[PDB]
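Chain and residue survey
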Amino acid sequence: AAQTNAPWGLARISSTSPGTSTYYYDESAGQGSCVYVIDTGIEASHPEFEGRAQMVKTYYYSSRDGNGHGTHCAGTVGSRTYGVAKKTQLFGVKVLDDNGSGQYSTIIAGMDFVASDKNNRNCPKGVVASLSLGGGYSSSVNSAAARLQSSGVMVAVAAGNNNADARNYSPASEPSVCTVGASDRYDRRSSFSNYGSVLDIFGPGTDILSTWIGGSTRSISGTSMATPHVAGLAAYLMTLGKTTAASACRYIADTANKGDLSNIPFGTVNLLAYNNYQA
């Protein structure tokens, strides 16, 4: 399939070079897979989700995305226009309040919830979790992410937006999950993106157009935006049966565009998510 005048990020992950505007992808489009967006929630009524989005859990007085951050990330995973896996199933887990903040205890509870909840859901092609969140180093938060991964979920987490080594951030620094840094449309590392040995992969994260609350759209930036590109790509590749939850991160690094990014610090991978779609 082909989506013309797609967001640059979607175009980027199906091309070997920056600067194109068409998103090429297999038409299966992540159908049969499920992605848990662990974030501020999801405006499931947004037309862009086509009914493929639903809340399954909240930790606050409301299930509503009163912020937009989660709706935006969810949109990059699987919205019709702005999503990588346009037929995936989307599950919202609201661990972050309407200011985009959350306690570690909640976030941990959230991961544990997803590890169990996937057993209530029909996801024949496998399960992904996208975590565009994180703060300082936490052993307990890292362990939570590792449990989720171990439970049979493809876990993708943001590297952080501190322009620093992600070794000092969680769940970014958990070795066994997929840690995602951010790039811009010129294949530069995003100015804010964390780096470091713990990163597994880069995805588009500067100026990313996706869904927003009130049935709208907007373009924002962050490793939070890069993460769901990789989560969506996981779900997409899993649906194609090219890889599994356990190996998806490795497979994405295996098949990534290599050495194409600039301002990558020594000891940080130069790999950019890529679907290697050949019609």
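Residues numbered from 1 in each chain as written, not as in the entry; some residues may be left out. Heavy atoms only, no water. Residues with missing side-chain atoms left out of burial classes, pairs and counts.

1. Overview of the UniProt feature "active site" in the protein chain
Using the following cut-off: UniProt positions are given in the numbering used here, feature names are shortened, and annotations may be inferred rather than shown by experiment. Per the convention used, a helix needs a DSSP run of H or I reaching at least four residues, while a strand needs a run of E reaching at least two, with both numbered from the N terminus. Whether two residues are in contact is decided by their heavy atoms, any of which lying within 4.5 Å being enough. Burial status follows relative accessibility: with a 1.4 Å probe on protein chains alone, a residue under 20% of its type maximum counts as buried, one over 50% as exposed, and anything between as partly exposed. A 3.5 Å cut-off defines polar contacts: any pair of N or O atoms within that distance qualifies, except that in protein one atom must be a possible hydrogen donor and the other a possible acceptor, and neighbouring residues in sequence count only when both atoms are side-chain atoms.
UniProt records the feature "active site" for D39, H69 and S224 in the present numbering. Of the residues just listed, which span 186 residues, no C-alpha pair is farther apart than 9.8 Å, and they cluster in one region. In this fold, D39 is placed in strand β3 (residues 33–39). When residues no more than four places from it in sequence are discounted, the contact partners of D39 are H69, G70, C73, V93, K94, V95, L96 and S132. In this fold, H69 is placed in helix α2 (residues 69–78). Taking the relative accessible area as the measure of exposure, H69 reaches 17% and is therefore buried. A distance of 2.7 Å separates a polar atom in the side chain of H69 from a polar atom in the side chain of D39.

2. Remarks on the state of the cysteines
For the record, the criterion: Pairs of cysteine sulfur atoms within 2.5 Å are what we label disulfides.
In this structure the tally under the stated criterion is two disulfides. Residue pairing for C34: its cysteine sulfur links by disulfide to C123, the two sulfurs lying 2.0 Å apart. Negative torsions about the S-S bond denote left-handed disulfides, and the value of about -100° found for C34 with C123 makes this one left-handed. Highlighted residues: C34 in strand β3 and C123 in the loop between α3 (104–117) and β6 (126–131), separated in sequence by 89 residues. The buried category is assigned to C34, whose relative accessible area is 2%. Paired through a disulfide, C178 and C249 show a sulfur-sulfur distance of 2.1 Å. The sign of the 75° torsion about the S-S bond sets the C178-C249 disulfide as right-handed. Of this pair, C178 sits in strand β10 (residues 178–183) while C249 sits in helix α6 (residues 248–254), placing them 71 residues apart in sequence. The exposure class of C249 is buried, given its relative accessible area of 17%.

3. Structural notes on the UniProt feature "binding site: Ca(2+) 1" in the protein chain
UniProt marks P175, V177 and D200 with the feature "binding site: Ca(2+) 1", using the numbering shown here. Taken together, the annotated residues stretch across 26 residues yet fold into one region, lying no more than 9.1 Å apart by C-alpha. Relative to the elements of secondary structure, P175 occurs in the loop between β9 (169–170) and β10. Residue classification places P175 among the exposed positions, given a relative accessible area of 64%. Topologically, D200 is positioned in the loop between β10 and β11 (201–204).

4. Points about the nonpolar core
Stated formally: Take the buried residues of types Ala, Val, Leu, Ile, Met, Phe, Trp, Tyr and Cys, join any two whose side-chain atoms come within 4.5 Å, and each joined set is a nonpolar core.
Grouped together as the largest cluster of nonpolar side chains are 44 residues, with contacts concentrated most on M154, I201, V230 and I252. Secondary-structure elements contributing two or more residues to this core are α1 (8–12), β3, α2, β8 (153–158), β10, α5 (223–239) and α6. Take this core: its biggest share by element is 10 residues, from α5. Beyond its immediate sequence surroundings of up to four residues, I252 is in contact with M154, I201, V230, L233, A234, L237 and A273. By size, the runner-up hydrophobic cluster in this structure holds 26 residues, among which are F91, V95, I107 and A145.

5. Looking at the side chain of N194
The residue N194 is located in the loop between β10 and β11 in this model. Accessibility expressed as a relative area gives 0% for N194, which makes it buried. Polar contacts involving the side chain of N194 include one to the main-chain carbonyl oxygen of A159, which spans 2.6 Å. A distance of 3.0 Å separates a polar side-chain atom of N194 from the backbone nitrogen of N163.

6. Observations concerning α2
Each turn of an α-helix holds 3.6 residues, which means side chains three or four residues apart point in the same direction. For α2, a buried count of 10 out of 10 residues is recorded, marking the element as mostly surrounded by other parts of the structure. Here α2 has its buried residues at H69, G70, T71, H72, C73, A74, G75, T76, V77 and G78. Against β3, β5 (89–94), β12 (208–212), β13 (216–220) and α5 lie the buried residues of α2.

7. A word on the packing of α2 against α5
What counts here: Here an angle of 0 to 180 degrees is reported between the N-to-C directions of two axes, which are lines fitted to C-alpha atoms, with helices fitted over the stretch in contact. Crossing handedness is defined as follows: a turn of the near helix away from the far one that is anticlockwise and smaller than a right angle gives a left-handed crossing, while the clockwise case is right-handed. The nonpolar class holds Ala, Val, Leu, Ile, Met, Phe, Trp, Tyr, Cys and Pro. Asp, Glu, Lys and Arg form the charged class, and all remaining residues, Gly among them, are polar.
Here α2 crosses α5 at 35°, and the two axes come no closer than 7 Å. Like other packed secondary-structure pairs, α2 and α5 cross with a definite hand, here right-handed. Together, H69, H72, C73, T76 and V77 of α2 and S224, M225, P228, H229 and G232 of α5 make up the contact between the two elements. Classifying every residue of the contact of α2 with α5 by side-chain character gives four nonpolar, six polar and no charged.

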